[PDB]
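>
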Amino acid sequence: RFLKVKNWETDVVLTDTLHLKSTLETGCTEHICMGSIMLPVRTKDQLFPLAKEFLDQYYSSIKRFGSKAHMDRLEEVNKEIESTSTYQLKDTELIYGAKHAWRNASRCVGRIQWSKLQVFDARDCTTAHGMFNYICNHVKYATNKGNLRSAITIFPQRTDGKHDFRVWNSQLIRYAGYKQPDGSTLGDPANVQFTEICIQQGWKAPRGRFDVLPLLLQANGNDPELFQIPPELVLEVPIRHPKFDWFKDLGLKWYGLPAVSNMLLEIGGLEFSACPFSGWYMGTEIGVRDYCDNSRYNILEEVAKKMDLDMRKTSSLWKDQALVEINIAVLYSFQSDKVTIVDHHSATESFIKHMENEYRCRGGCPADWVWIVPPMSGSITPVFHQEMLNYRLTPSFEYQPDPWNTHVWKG
Amino acid sequence: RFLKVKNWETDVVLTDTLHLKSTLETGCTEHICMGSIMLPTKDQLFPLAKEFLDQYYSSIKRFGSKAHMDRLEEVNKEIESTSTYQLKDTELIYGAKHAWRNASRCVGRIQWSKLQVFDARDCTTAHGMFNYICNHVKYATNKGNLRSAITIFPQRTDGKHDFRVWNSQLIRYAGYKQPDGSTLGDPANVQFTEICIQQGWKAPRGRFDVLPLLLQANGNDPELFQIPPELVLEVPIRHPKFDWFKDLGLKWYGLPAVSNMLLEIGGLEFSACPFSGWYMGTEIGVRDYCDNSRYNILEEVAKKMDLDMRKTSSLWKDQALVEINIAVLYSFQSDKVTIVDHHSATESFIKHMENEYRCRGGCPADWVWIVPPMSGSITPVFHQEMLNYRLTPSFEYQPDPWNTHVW
Ligand code: HEM
Ligand code: HEM
Ligand SMILES: N=C(Nc1cccc(COC[C@@H](CN)OCc2cccc(/N=C(/N)c3cccs3)c2)c1)c1cccs1
Ligand SMILES: N=C(Nc1cccc(COC[C@@H](CN)OCc2cccc(/N=C(/N)c3cccs3)c2)c1)c1cccs1
Ligand SMILES: C[C@H](O)[C@H](O)[C@H]1CNc2nc(N)[nH]c(=O)c2N1
Ligand SMILES: C[C@H](O)[C@H](O)[C@H]1CNc2nc(N)[nH]c(=O)c2N1
Ligand SMILES: [Zn+2]
Numbered sequence: 001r002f003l004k005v006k007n008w009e010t011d012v013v014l015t016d017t018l019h020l021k022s023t024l025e026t027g028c029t030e031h032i033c034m035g036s037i038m039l040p041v042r043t044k045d046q047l048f049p050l051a052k053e054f055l056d057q058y059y060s061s062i063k064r065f066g067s068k069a070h071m072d073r074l075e076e077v078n079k080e081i082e083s084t085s086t087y088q089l090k091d092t093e094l095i096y097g098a099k100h101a102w103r104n105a106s107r108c109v110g111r112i113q114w115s116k117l118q119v120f121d122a123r124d125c126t127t128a129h130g131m132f133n134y135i136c137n138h139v140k141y142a143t144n145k146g147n148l149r150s151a152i153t154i155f156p157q158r159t160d161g162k163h164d165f166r167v168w169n170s171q172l173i174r175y176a177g178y179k180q181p182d183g184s185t186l187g188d189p190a191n192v193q194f195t196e197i198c199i200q201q202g203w204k205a206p207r208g209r210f211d212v213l214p215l216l217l218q219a220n221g222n223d224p225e226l227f228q229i230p231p232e233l234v235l236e237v238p239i240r241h242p243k244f245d246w247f248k249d250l251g252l253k254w255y256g257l258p259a260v261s262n263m264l265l266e267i268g269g270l271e272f273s274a275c276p277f278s279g280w281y282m283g284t285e286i287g288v289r290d291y292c293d294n295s296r297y298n299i300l301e302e303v304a305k306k307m308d309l310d311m312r313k314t315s316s317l318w319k320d321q322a323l324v325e326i327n328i329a330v331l332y333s334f335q336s337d338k339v340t341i342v343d344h345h346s347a348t349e350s351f352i353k354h355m356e357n358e359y360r361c362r363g364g365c366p367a368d369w370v371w372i373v374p375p376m377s378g379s380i381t382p383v384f385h386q387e388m389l390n391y392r393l394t395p396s397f398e399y400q401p402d403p404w405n406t407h408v409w410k411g
Numbered sequence: 412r413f414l415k416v417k418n419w420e421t422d423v424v425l426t427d428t429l430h431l432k433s434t435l436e437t438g439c440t441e442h443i444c445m446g447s448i449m450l451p452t453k454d455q456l457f458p459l460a461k462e463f464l465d466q467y468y469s470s471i472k473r474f475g476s477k478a479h480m481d482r483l484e485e486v487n488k489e490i491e492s493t494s495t496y497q498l499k500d501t502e503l504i505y506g507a508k509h510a511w512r513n514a515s516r517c518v519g520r521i522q523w524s525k526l527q528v529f530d531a532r533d534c535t536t537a538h539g540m541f542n543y544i545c546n547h548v549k550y551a552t553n554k555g556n557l558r559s560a561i562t563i564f565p566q567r568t569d570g571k572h573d574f575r576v577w578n579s580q581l582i583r584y585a586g587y588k589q590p591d592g593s594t595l596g597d598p599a600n601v602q603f604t605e606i607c608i609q610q611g612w613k614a615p616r617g618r619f620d621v622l623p624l625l626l627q628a629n630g631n632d633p634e635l636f637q638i639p640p641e642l643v644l645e646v647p648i649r650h651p652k653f654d655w656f657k658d659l660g661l662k663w664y665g666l667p668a669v670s671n672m673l674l675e676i677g678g679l680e681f682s683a684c685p686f687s688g689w690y691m692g693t694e695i696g697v698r699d700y701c702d703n704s705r706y707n708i709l710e711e712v713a714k715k716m717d718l719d720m721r722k723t724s725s726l727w728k729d730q731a732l733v734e735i736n737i738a739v740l741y742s743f744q745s746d747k748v749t750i751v752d753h754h755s756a757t758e759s760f761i762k763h764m765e766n767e768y769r770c771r772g773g774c775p776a777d778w779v780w781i782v783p784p785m786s787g788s789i790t791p792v793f794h795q796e797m798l799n800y801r802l803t804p805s806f807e808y809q810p811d812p813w814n815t816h817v818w
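Residue numbers (the numbering used here), protein chains in the order written: chain A, 1 to 411; chain B, 412 to 818.
(1) When DSSP builds the beta bridges, which residues end up paired with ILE154 (chain A)?
(2) Could you check if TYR664 (chain B) is buried or exposed, using at least 16 other CB atoms within 10 Å of its CB as the buried criterion?
(3) What does the alpha-carbon distance come out to for the pair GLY592 (chain B) and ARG618 (chain B)?
(4) Ligand 4 and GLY519 (chain B): does the residue's C-beta get closer than 7 Å to at least one heavy atom of that ligand?
(5) Helix, strand or coil, according to DSSP, for residue 452 (chain A) in the structure here?
(6) Could you run through the stretch 722-739 of chain B and flag, in chain order, every residue whose CB is less than 8 Å away from some CB of chain A?
(7) Which partner residues of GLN171 (chain A) appear in the DSSP bridge assignment?
(8) For a test of the three-state rule: what should DSSP assign to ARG771 (chain B), helix, strand or coil?
(9) Taking the continuous beta strand (DSSP E) assigned at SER396 (chain A), which residues delimit it?
(10) Helix, strand or coil: which one does DSSP assign to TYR543 (chain B)?
(11) Which stretch, first to last residue, makes up the alpha helix (DSSP H) that contains residue 819 (chain B)?
(12) Nearer than 7 Å: is that true of the beta carbon of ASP702 (chain B) relative to any heavy atom of ligand 4?
(13) Kindly examine ligand 7 and report whether one of its heavy atoms sits closer than 7 Å to the Cβ of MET34 (chain A).
(14) What I want to know is whether the C-beta of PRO667 (chain B) ends up closer than 7 Å to one or more non-hydrogen atoms of ligand 4.
(15) Output, in chain order, the set of chain A residues within a Cβ distance shorter than 8 Å of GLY446 (chain B).
(16) When DSSP builds the beta bridges, which residues end up paired with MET691 (chain B)?
(17) Please check if any C-beta of chain A sits within less than 8 Å of the C-beta of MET480 (chain B).
(18) Just verifying my parser: in three-state terms, what is the DSSP assignment at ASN814 (chain B)?
(19) Return no unless some Cβ of chain A is closer than 8 Å to the Cβ of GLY555 (chain B).
(20) Please decide whether residue 840 (chain B) counts as near chain A, where near means a Cβ-Cβ distance under 8 Å.
(21) Is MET672 (chain B) close to ligand 2? I mean its beta-carbon at under 7 Å from any heavy atom of the ligand.
(22) Does the separation of the CB atoms of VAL330 (chain A) and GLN730 (chain B) fall below 8 Å?
(23) Measure from the alpha carbon of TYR700 (chain B) to the alpha carbon of each residue in B:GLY660, B:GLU605, B:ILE676, then state which is nearest.
(24) With H, G and I counted as helix, E and B as strand and the rest as coil, what does DSSP make of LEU300 (chain A)?
(25) Would you give the residue range spanned by the alpha helix (DSSP H) that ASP368 (chain A) belongs to?
(26) Excluding five sequence neighbours on each side, which residues of the same chain lie with their C-beta closer than 6 Å to the C-beta of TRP778 (chain B)?
(27) Are three or more beta carbon pairs between the stretch 78-91 of chain A and the stretch 45-63 of chain A nearer than 8 Å?
(28) With a threshold of 8 Å between beta-carbons, can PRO598 (chain B) be considered close to chain A, or not?
(29) Can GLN795 (chain B) be considered in contact with ligand 6, in the sense that its beta carbon sits closer than 7 Å to one or more heavy atoms?
(30) Could you tell me if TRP577 (chain B) is buried or exposed, where buried requires 16 or more neighbouring beta carbons within 10 angstroms of its beta carbon?
(31) Given that a residue counts as buried once 16 or more other Cβ atoms are within 10 Å of its Cβ, and exposed if not, what is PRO590 (chain B)?
(32) At 7 Å on the CB atoms, spell out the chain B contacts of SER170 (chain A), in chain order.
(33) Would you mind sorting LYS319 (chain A) into buried or exposed? The rule is 16 or more other CB atoms within 10 Å of its CB.
(34) Which value, in whole angstroms, describes the spacing of the CA atoms of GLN200 (chain A) and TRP409 (chain A)?
(35) For ligand 7, is there a heavy atom less than 7 Å away from the beta-carbon of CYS28 (chain A)?
(36) At a cut-off of 7 Å, would you count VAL779 (chain B) as near ligand 5, judging by its Cβ distance to the nearest heavy atom?
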């Protein structure tokens, strides 16, 4: 079966066959589309087919499909599964797997970069202190004094589900949030629950608006332990505007390194529950979502006040005006400090070129429109006009439940 | 089978049961989501008739009464006999309102119950269609205090006697390719514009020429009619702070009126069913004015603003976009022509969804269409999970008539 997608601005038509290799479910059926829903121990039985499918993919990519090395590797993995109930990936397979999970991430607009990913193998790690050391090294490498480099650090895989490695942080670097008795929030409201956990575990909270949270790290199914990232490794950018000199006095800043730490990486049926990964920001992530969401820093009013916009009616588009200025400020600030960032015009144009390249060489590129289209100025980016097909390929990044909801406390 | 949708801004969670009534298919499967794809007998008709009459009699709280049973028998008799049937006025009105209510791509459905239905099923010629259309235009425009309306022409019979409005909307602007290579006016309408010329329209070859109506009665060849200019309310576009804006020479029409869709009620097909409401400001300012393949004025406006167009990261496109949209709203508001901004329309839609979840068990909604084409995440609909499914009565797409028609 062939499926076509059209770009309605250019009339370019592309043909998808890669969807035929999809196994996992979408959430949709013939009677209902769930495309806007945010979230829609293995036995030997299910494991060897998953391992085989993955090794067949790996061996094809290196132009060795059906070779003696391919056949010997399948036999070796098969015996390892039936003897030990699991198996270990070779370094080369781990690298390929992590890169492909990114390549397959249908919600990711930055995938033109997928083949440039520094993979740190942390599968020899045994303790939380060991995890802290690996994570510091990743942060220092990825940061590279502002010239950001994409990276992933991969801790040991799941075994019986009772010895999981987990980073409890949603991101390696994030600001604390504090609910006040009067119901207001100091800092980032998205992180209130996690901040509370940290405090309970012994963190002394400075209680400011931009306090970098400590790492809360779980090795081998043990209780997690707190560590403070050395401040000298946390690169931050004060936010100012190129024309409006009062903008600096809003007291805003953000961190340069976006580093997701709560997802699960699936490669060949193996589950890596701690696999923090980092790249760099698209400007709207900070300026639209982090700053202007009502449930986040929520600065629109204060900015519109200072611009002296007409706030008596929504039809003045005061919110839209303030939004663009804040986003100009974020890009200006990062650029001025030589910290890598990409604007939403450049990022989406590159994604369209990536997607076309993937249709030609790979036969497809799964993409989630709801996520790929930026949260401002949607239709003046080329992705708004691009039809996309969403389907799930492995290797993959997946959601997993928050560890405080599942952890068995040892005491 | 019972499904939950969450608003991630407010934590409000709604439970959908209405999807279980859905009958038609979505395009998606368990392996592939096609949510962003723009277009995915006698024996056939009685179940469709019965399904509809069942919801109608339930709506007036007379489900399983003598009048309900008698109606089902009567229609059953009429299909057996004639191979089709006729809707009562009350059913036609209910069906049209529900076709809007069920339109999953429409952010304006809080209004669904206030629809004026003009029954044009007695119409027999293109001149008659022109008359009904003029009356609809005048009624809906209401000197700028716009009122929602639909005009329903005779239903399909054997399919060789179709009523069609060839126009995509009742009021739209001409598009012309030039030797120059550029496009004068609206590039979306170049092909239709040339069909009109081919049929004998005398185009003035300007930027904003209202197209003639091309009307097909009873499967006959379509005919041209100019809408009286006095019935076409237009708005010159100016900006409340920038004096040079008016120099761009921009205007738009007040009445959005879709004329190329098919209304399905109770298995019957109404292939000419022009409907109108009023504009959300972004339709004109973001899409009509700034789409690359439309009037595409972003460059010219940015220049008059003297923005740094060297680098995309200055957000010059974005700045220009906001100002164009401020101007569209200001112009309509100043001239007292109904318009709604994207903030107001999306807030109303969230209130409508809550009403429908409470009173009906759900509200089919297509997030890709409902979220406005600018400032998405600062509108509440961005944060609202939506389930999309197909209920009937419905509006559907149909092939353009020039590809079908036998001359
Ligand atoms: C290199 C620069 C990168 C940029 C500018 C980029 C940009 C983005 C953006 C804007 C999103 C949507 C985020 C949101 O709204 O919260 C996203 C999602 C995602 N990205 Fe990329 N990305 C990049 C690199 C990567 C890398 C290196 C990985 C993995 C190795 C990756 C995996 C993903 C995944 C798994 C998601 C979806 C998360 C979810 O479903 O919640 N990204 N990225
Ligand atoms: C009263 C004011 C109304 C407003 C402000 C409104 C707003 C909208 C908007 C903004 C769209 C998206 C259009 C686009 O992007 O091209 C839409 C789609 C739609 N609307 Fe409404 N609408 C209103 C009344 C109505 C009425 C009266 C009907 C039918 C009787 C209706 C049926 C639809 C349908 C069928 C679509 C989708 C068309 C498609 O899928 O191509 N609308 N509406
Ligand atoms: N509860 C909410 N959100 C939510 C709940 C569960 C899951 C999710 C999934 O999105 C999580 C998001 C934001 N927290 O993850 C951040 C993210 C993921 C991927 C890429 C991101 N940005 C990047 N640029 C990169 C990071 C690493 C490499 S590139 C940023 C979101 C809310 C929504 C609205 C208000 S609160
Ligand atoms: N070829 C393209 N698009 C396309 C092709 C086929 C079908 C479609 C579907 O969209 C049809 C759109 C306009 N194109 O219909 C207009 C419409 C429909 C419904 C509501 C609209 N606005 C209103 N406010 C109302 C009208 C009537 C009552 S309210 C406007 C779109 C293009 C994309 C970019 C430039 S052209
Ligand atoms: C490819 C994509 O589905 C297409 O560009 C859609 C996106 N969302 C839209 N939303 C609305 N309201 N109107 C449109 O024409 C479109 N176009
Ligand atoms: C309900 C809806 O799916 C949700 O708000 C989504 C919409 N699109 C998004 N797109 C991105 N990139 N990130 C997000 O968090 C979201 N949120
Ligand atoms: Zn779907």
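For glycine and all other residues, C-beta sits at the position ideal for the given N, C-alpha and C.
So, from the listed chains and residues:
(1) A:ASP121
(2) buried
(3) 15 Å
(4) yes
(5) With chain A running from 1 to 411 in the structure shown, residue 452 (chain A) is simply not present.
(6) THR723, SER724, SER725, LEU726, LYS728, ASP729, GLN730, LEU732, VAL733, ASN736, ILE737
(7) A:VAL260
(8) helix
(9) 396-398
(10) helix
(11) Residue 819 (chain B) lies beyond the range of chain B shown here (412 to 818); nothing can be said about it.
(12) yes
(13) yes
(14) yes
(15) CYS28, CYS33, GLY35, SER36, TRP369, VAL370, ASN390
(16) B:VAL751
(17) no
(18) helix
(19) no
(20) Here chain B comprises residues numbered 412 to 818, so residue 840 (chain B) is not present and cannot be evaluated.
(21) yes
(22) no
(23) B:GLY660
(24) helix
(25) Element bounds for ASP368 (chain A): n/a, residue is neither H nor E.
(26) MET797
(27) yes
(28) no
(29) yes
(30) buried
(31) exposed
(32) Simply none; closest approach about 15 Å.
(33) buried
(34) 14 Å
(35) yes
(36) yes
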